[PDB]
Amino acid sequence: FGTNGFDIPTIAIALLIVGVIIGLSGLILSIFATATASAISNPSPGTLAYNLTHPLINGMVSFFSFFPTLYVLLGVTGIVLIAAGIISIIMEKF
Amino acid sequence: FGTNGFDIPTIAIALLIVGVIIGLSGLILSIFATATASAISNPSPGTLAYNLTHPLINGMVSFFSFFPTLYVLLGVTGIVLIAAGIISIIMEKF
Amino acid sequence: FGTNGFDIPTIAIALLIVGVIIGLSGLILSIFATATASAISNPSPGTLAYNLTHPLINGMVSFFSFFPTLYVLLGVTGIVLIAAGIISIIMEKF
Amino acid sequence: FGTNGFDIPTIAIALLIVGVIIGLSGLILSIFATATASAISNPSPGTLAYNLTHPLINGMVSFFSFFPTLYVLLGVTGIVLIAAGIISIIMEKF
Amino acid sequence: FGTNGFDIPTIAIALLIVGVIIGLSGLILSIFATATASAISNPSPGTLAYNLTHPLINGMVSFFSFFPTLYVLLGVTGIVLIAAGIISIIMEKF
Amino acid sequence: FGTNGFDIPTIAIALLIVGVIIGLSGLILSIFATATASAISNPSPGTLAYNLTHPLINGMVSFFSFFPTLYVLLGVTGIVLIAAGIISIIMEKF
Amino acid sequence: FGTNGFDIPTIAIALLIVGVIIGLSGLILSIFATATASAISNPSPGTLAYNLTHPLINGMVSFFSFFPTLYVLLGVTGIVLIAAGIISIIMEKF
């Protein structure tokens with residue numbers, strides 16, 4: 001069901017795959033992050049361990065704050081793909 | 001029953017396939033998402049685990065909000081295909 | 001699901017890998033730094049051991065303060081990659 | 001249905017294509033701009049980040065304000081094309 | 001849909017591409033500039049580091065102030081292109 | 001989207017590249033200059049080390065004061081380039 | 001009763017096997033865990049044996065809390081398998 005490489009069943013299968021992978025990833029990352037939160041303690045505000053450890057958790061927080069826009073762009077890509085398929089169909093179907 | 005590549009039985013079979021695949025995908029994704037909801041807990045509003053985990057679920061929500069328009073475009077594609085078939089029939093059938 | 005080398009499932013898998021590795025790294029570094037903090041003592045402000053040891057901990061603090069911006073740039077790289085993929089799709093999909 | 005290169009079905013197909021492409025473009029640009037608005041924050045009116053970032057958003061606003069007249073001219077072009085077709089028909093049809 | 005090289009679909013696609021690229025660029029530059037603002041500190045008004053660092057941030061501010069007019073001219077170019085297309089159509093369409 | 005070598009997407013990409021490189025350069029130079037300021041001390045106003053070291057820091061200050069106008073000219077170059085592109089379009093587009 | 005490797009009797013037999021194995025496993029693990037609960041005592045809240053033994057039972061509890069989602073995913077796999085069989089039948093049965 002297509003013209004050259006655009007197959008609606010293939011598109012649906014790809015959507016299935018990407019959705020399941022993203023759900024998987026969220027699950028694994030949340031489960032791991034719970035363990036990370038459990039492991040690290042809060043020594044004190046101002047002794048050596050604090051100076052040694054604070055920037056690491058700051059970097060953790062920053063990167064995990066960067067995740068959402070990555071996911072949003074990944075979502076946007078699919079609309080572009082389906083749309084390019086539509087236009088390619090229209091171009092030479094008539 | 002057609003002229004070159006437009007076969008109404010083939011079209012009906014393709015519609016069967018895509019519909020069943022989409023129903024399958026919805027079923028699997030919902031069942032998996034129920035497990036995801038069960039697994040992740042709500043630690044607290046403001047401690048480390050919250051900072052570590054909140055953006056992930058935000059990205060989850062965003063992508064799953066992107067799904068509907070993808071499905072709508074996928075549906076729109078079929079009308080274009082059937083219509084191109086109709087026009088191609090009319091062009092050289094007379 | 002792509003054109004030449006841009007595969008959304010591959011992108012999601014790569015995001016999974018990088019996120020898990022970064023969480024791992026933070027965990028290991030924090031656990032090791034706790035041991036470092038425990039091991040080294042504070043001899044006195046002005047005798048020989050202080051002169052011998054202070055610059056080392058200063059360098060420790062400095063490098064660990066350098067970590068955050070490294071992580072931020074590492075996060076920024078992914079947006080560039082996904083975006084280049086989007087543009088490459090658009091260029092020859094039409 | 002024409003004389004040399006003016007084909008009313010071809011004209012209708014071209015109108016279909018351009019309309020769908022323009023709707024596509026508006027959709028994609030709006031969805032992307034929502035993400036852009038979400039990503040960038042407002043640091044403060046007068047510190048370093050403001051000086052560093054304000055002209056960029058000013059240029060964004062300016063270019064997007066330039067879009068409308070581009071679209072209007074693009075629309076005007078079609079009337080000229082159809083009209084040239086009409087005149088070319090009249091010239092040698094009699 | 002054109003005469004020699006002026007194709008309205010191609011024009012719309014080009015507008016899509018340029019708009020998306022400009023939005024991308026603004027996003028990346030703002031995100032990077034936030035990190036730049038975070039990294040550099042304010043040592044003091046009059047010691048060595050100030051003399052060493054102030055002209056650099058001055059040059060930063062100047063160039064980023066130069067960006068807007070560049071964007072405005074880039075926007076102006078498209079009106080010229082579409083208009084040249086219109087005139088070229090009119091010249092030999094009749 | 002152009003005539004011979006003037007491509008608006010290429011221009012936007014070039015602007016992206018130059019802006020990011022300039023931000024990079026400012027970041028690296030400021031971070032290095034902070035270390036330079038930390039390393040060198042102030043011996044005394046009138047003994048040997050002062051005579052030995054003062055002209056070096058004077059040359060440092062002078063060159064870094066020369067940077068801003070270099071950046072301003074570098075910014076000016078882009079307006080000239082875009083403008084030459086506009087004029088070249090106008091010359092033979094009609 | 002199938003096409004290539006999808007055999008409904010084989011599927012039913014596999015379901016029988018997996019169900020019986022899972023029931024077996026639950027039985028054995030519960031019977032063993034009862035003995036584990038009987039064997040270990042509660043020395044006191046704060047003497048040496050408590051420090052020596054508490055983390056072990058904590059790890060026990062954690063892993064056994066991890067079991068349920070493992071079982072849920074194992075259950076989900078079968079729906080995917082049966083569904084892939086259905087789609088494979090439909091693809092080339094017509």
# chains A, B, ... in the order shown; residues from 1 in each chain; ligands from 1
>>> closest_atom_pairs(of="chain A", to="chain C", cutoff="6 Å", atoms="only C-alpha atoms", output="CSV")
residue,atom,partner,partner_atom,distance
A:18,CA,C:9,CA,5.4
A:25,CA,C:16,CA,5.7
A:49,CA,C:37,CA,5.3
A:53,CA,C:30,CA,5.8
A:55,CA,C:65,CA,5.9
A:59,CA,C:68,CA,4.7
A:63,CA,C:75,CA,5.7
A:84,CA,C:93,CA,5.7
>>> write_last_selection(atoms="N, CA and C atoms", output="compact mmCIF listing (two decimals), in the first residue's frame")
# COMPACT_ATOMS: atom_id res chain seq x y z
N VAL A 18 8.88 3.00 18.09
CA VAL A 18 9.44 4.18 18.74
C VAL A 18 8.71 4.45 20.05
N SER A 25 12.56 3.45 27.85
CA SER A 25 13.66 4.29 28.29
C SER A 25 13.27 5.08 29.53
N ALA A 49 33.29 17.11 51.64
CA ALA A 49 32.50 16.26 50.75
C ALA A 49 31.51 17.07 49.93
N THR A 53 31.28 17.00 45.89
CA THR A 53 30.16 16.31 45.27
C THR A 53 29.11 17.21 44.63
N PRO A 55 28.96 19.84 42.43
CA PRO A 55 28.89 20.08 40.98
C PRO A 55 28.44 18.87 40.19
N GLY A 59 25.42 18.90 37.50
CA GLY A 59 25.47 18.45 36.11
C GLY A 59 24.39 17.43 35.80
N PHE A 63 21.62 18.06 32.77
CA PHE A 63 21.40 17.18 31.63
C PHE A 63 19.97 16.64 31.62
N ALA A 84 6.20 14.47 4.28
CA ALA A 84 6.99 14.26 3.07
C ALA A 84 6.45 13.09 2.28
>>> select_by_dssp(residues="chain D", states="helix (DSSP H, G or I)", output="PDB file with C-alpha atoms, in the first residue's frame")
ATOM      1  CA  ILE D   8      -6.863  23.043 -16.242  1.00  0.00           C
ATOM      2  CA  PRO D   9      -6.463  19.672 -14.448  1.00  0.00           C
ATOM      3  CA  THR D  10      -2.749  20.392 -14.085  1.00  0.00           C
ATOM      4  CA  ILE D  11      -3.566  23.831 -12.683  1.00  0.00           C
ATOM      5  CA  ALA D  12      -5.962  22.349 -10.131  1.00  0.00           C
ATOM      6  CA  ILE D  13      -3.370  19.758  -9.112  1.00  0.00           C
ATOM      7  CA  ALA D  14      -0.757  22.489  -8.699  1.00  0.00           C
ATOM      8  CA  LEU D  15      -3.147  24.482  -6.514  1.00  0.00           C
ATOM      9  CA  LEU D  16      -3.733  21.375  -4.402  1.00  0.00           C
ATOM     10  CA  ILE D  17       0.008  20.868  -3.988  1.00  0.00           C
ATOM     11  CA  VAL D  18       0.813  24.462  -3.060  1.00  0.00           C
ATOM     12  CA  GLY D  19      -2.068  24.725  -0.601  1.00  0.00           C
ATOM     13  CA  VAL D  20      -1.143  21.504   1.155  1.00  0.00           C
ATOM     14  CA  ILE D  21       2.530  22.502   1.326  1.00  0.00           C
ATOM     15  CA  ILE D  22       1.680  25.883   2.824  1.00  0.00           C
ATOM     16  CA  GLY D  23      -0.566  24.313   5.456  1.00  0.00           C
ATOM     17  CA  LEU D  24       2.198  21.827   6.250  1.00  0.00           C
ATOM     18  CA  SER D  25       4.733  24.623   6.615  1.00  0.00           C
ATOM     19  CA  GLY D  26       2.549  26.642   8.953  1.00  0.00           C
ATOM     20  CA  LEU D  27       1.919  23.558  11.074  1.00  0.00           C
ATOM     21  CA  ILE D  28       5.593  22.626  11.379  1.00  0.00           C
ATOM     22  CA  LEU D  29       6.757  26.181  12.054  1.00  0.00           C
ATOM     23  CA  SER D  30       4.138  26.763  14.748  1.00  0.00           C
ATOM     24  CA  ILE D  31       4.944  23.469  16.477  1.00  0.00           C
ATOM     25  CA  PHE D  32       8.663  24.251  16.403  1.00  0.00           C
ATOM     26  CA  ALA D  33       8.138  27.825  17.605  1.00  0.00           C
ATOM     27  CA  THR D  34       6.175  26.563  20.600  1.00  0.00           C
ATOM     28  CA  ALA D  35       9.224  24.508  21.589  1.00  0.00           C
ATOM     29  CA  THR D  36      11.482  27.523  21.033  1.00  0.00           C
ATOM     30  CA  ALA D  37       9.278  29.628  23.305  1.00  0.00           C
ATOM     31  CA  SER D  38       9.363  26.906  25.954  1.00  0.00           C
ATOM     32  CA  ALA D  39      13.141  26.463  25.843  1.00  0.00           C
ATOM     33  CA  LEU D  48      24.865  39.580  31.160  1.00  0.00           C
ATOM     34  CA  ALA D  49      22.540  36.935  29.717  1.00  0.00           C
ATOM     35  CA  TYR D  50      20.045  39.610  28.681  1.00  0.00           C
ATOM     36  CA  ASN D  51      22.673  41.525  26.706  1.00  0.00           C
ATOM     37  CA  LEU D  52      23.814  38.223  25.217  1.00  0.00           C
ATOM     38  CA  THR D  53      20.369  36.962  24.171  1.00  0.00           C
ATOM     39  CA  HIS D  54      18.010  39.880  23.448  1.00  0.00           C
ATOM     40  CA  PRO D  55      19.132  40.725  19.867  1.00  0.00           C
ATOM     41  CA  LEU D  56      18.652  37.100  18.819  1.00  0.00           C
ATOM     42  CA  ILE D  57      14.982  37.069  19.779  1.00  0.00           C
ATOM     43  CA  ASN D  58      14.654  40.495  18.167  1.00  0.00           C
ATOM     44  CA  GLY D  59      15.901  39.041  14.885  1.00  0.00           C
ATOM     45  CA  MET D  60      13.534  36.096  15.284  1.00  0.00           C
ATOM     46  CA  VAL D  61      10.586  38.453  15.703  1.00  0.00           C
ATOM     47  CA  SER D  62      11.661  40.570  12.729  1.00  0.00           C
ATOM     48  CA  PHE D  63      12.007  37.689  10.272  1.00  0.00           C
ATOM     49  CA  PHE D  64       8.730  36.133  11.345  1.00  0.00           C
ATOM     50  CA  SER D  65       7.134  39.531  10.803  1.00  0.00           C
ATOM     51  CA  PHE D  66       8.580  39.456   7.288  1.00  0.00           C
ATOM     52  CA  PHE D  67       6.847  36.140   6.484  1.00  0.00           C
ATOM     53  CA  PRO D  68       3.300  37.518   5.812  1.00  0.00           C
ATOM     54  CA  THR D  69       4.141  39.703   2.809  1.00  0.00           C
ATOM     55  CA  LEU D  70       6.143  36.831   1.331  1.00  0.00           C
ATOM     56  CA  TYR D  71       3.035  34.670   1.556  1.00  0.00           C
ATOM     57  CA  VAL D  72       0.878  37.405   0.026  1.00  0.00           C
ATOM     58  CA  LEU D  73       3.183  37.781  -2.984  1.00  0.00           C
ATOM     59  CA  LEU D  74       3.293  34.005  -3.382  1.00  0.00           C
ATOM     60  CA  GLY D  75      -0.491  34.060  -3.536  1.00  0.00           C
ATOM     61  CA  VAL D  76      -0.512  36.903  -6.066  1.00  0.00           C
ATOM     62  CA  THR D  77       1.712  34.921  -8.444  1.00  0.00           C
ATOM     63  CA  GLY D  78      -1.024  32.378  -9.177  1.00  0.00           C
ATOM     64  CA  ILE D  79      -3.498  34.956 -10.474  1.00  0.00           C
ATOM     65  CA  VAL D  80      -0.824  36.160 -12.894  1.00  0.00           C
ATOM     66  CA  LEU D  81      -0.176  32.613 -14.093  1.00  0.00           C
ATOM     67  CA  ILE D  82      -3.839  31.739 -14.663  1.00  0.00           C
ATOM     68  CA  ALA D  83      -4.384  35.068 -16.399  1.00  0.00           C
ATOM     69  CA  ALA D  84      -1.431  34.593 -18.736  1.00  0.00           C
ATOM     70  CA  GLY D  85      -2.928  31.222 -19.584  1.00  0.00           C
ATOM     71  CA  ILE D  86      -6.282  32.819 -20.403  1.00  0.00           C
ATOM     72  CA  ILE D  87      -4.696  35.426 -22.667  1.00  0.00           C
ATOM     73  CA  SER D  88      -2.542  32.826 -24.412  1.00  0.00           C
ATOM     74  CA  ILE D  89      -5.666  30.770 -25.091  1.00  0.00           C
ATOM     75  CA  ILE D  90      -7.516  33.758 -26.532  1.00  0.00           C
ATOM     76  CA  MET D  91      -4.617  34.841 -28.741  1.00  0.00           C
ATOM     77  CA  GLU D  92      -4.494  31.843 -31.092  1.00  0.00           C
ATOM     78  CA  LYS D  93      -7.743  30.017 -30.345  1.00  0.00           C
TER      79      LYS D  93
END
>>> decode(residues="range 61-75 of chain B", atoms="N, CA and C atoms", output="tab-separated table (two decimals), in the first residue's frame")
chain	number	residue	atom	x	y	z
B	61	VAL	N	5.01	12.54	28.63
B	61	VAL	CA	3.72	13.17	28.39
B	61	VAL	C	3.72	13.92	27.07
B	62	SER	N	4.81	14.64	26.78
B	62	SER	CA	4.87	15.41	25.54
B	62	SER	C	4.78	14.52	24.32
B	63	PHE	N	5.62	13.48	24.25
B	63	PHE	CA	5.60	12.61	23.08
B	63	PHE	C	4.24	11.95	22.90
B	64	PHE	N	3.66	11.47	24.00
B	64	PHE	CA	2.36	10.82	23.87
B	64	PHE	C	1.29	11.81	23.47
B	65	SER	N	1.48	13.09	23.79
B	65	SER	CA	0.58	14.11	23.26
B	65	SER	C	0.83	14.35	21.77
B	66	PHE	N	2.04	14.07	21.29
B	66	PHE	CA	2.30	14.20	19.86
B	66	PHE	C	1.66	13.08	19.04
B	67	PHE	N	1.47	11.90	19.63
B	67	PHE	CA	0.86	10.79	18.88
B	67	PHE	C	-0.41	11.14	18.10
B	68	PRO	N	-1.42	11.81	18.67
B	68	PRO	CA	-2.71	11.94	17.95
B	68	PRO	C	-2.62	12.54	16.56
B	69	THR	N	-1.87	13.63	16.38
B	69	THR	CA	-1.79	14.24	15.06
B	69	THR	C	-1.08	13.33	14.07
B	70	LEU	N	-0.10	12.55	14.54
B	70	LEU	CA	0.51	11.54	13.70
B	70	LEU	C	-0.54	10.57	13.18
B	71	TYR	N	-1.40	10.09	14.08
B	71	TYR	CA	-2.45	9.17	13.65
B	71	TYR	C	-3.40	9.82	12.66
B	72	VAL	N	-3.73	11.09	12.88
B	72	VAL	CA	-4.67	11.78	12.00
B	72	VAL	C	-4.09	11.90	10.59
B	73	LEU	N	-2.81	12.29	10.49
B	73	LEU	CA	-2.17	12.37	9.18
B	73	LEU	C	-2.10	11.00	8.51
B	74	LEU	N	-1.79	9.96	9.29
B	74	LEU	CA	-1.77	8.62	8.74
B	74	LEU	C	-3.12	8.25	8.16
B	75	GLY	N	-4.20	8.65	8.83
B	75	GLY	CA	-5.52	8.42	8.29
B	75	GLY	C	-5.77	9.20	7.01
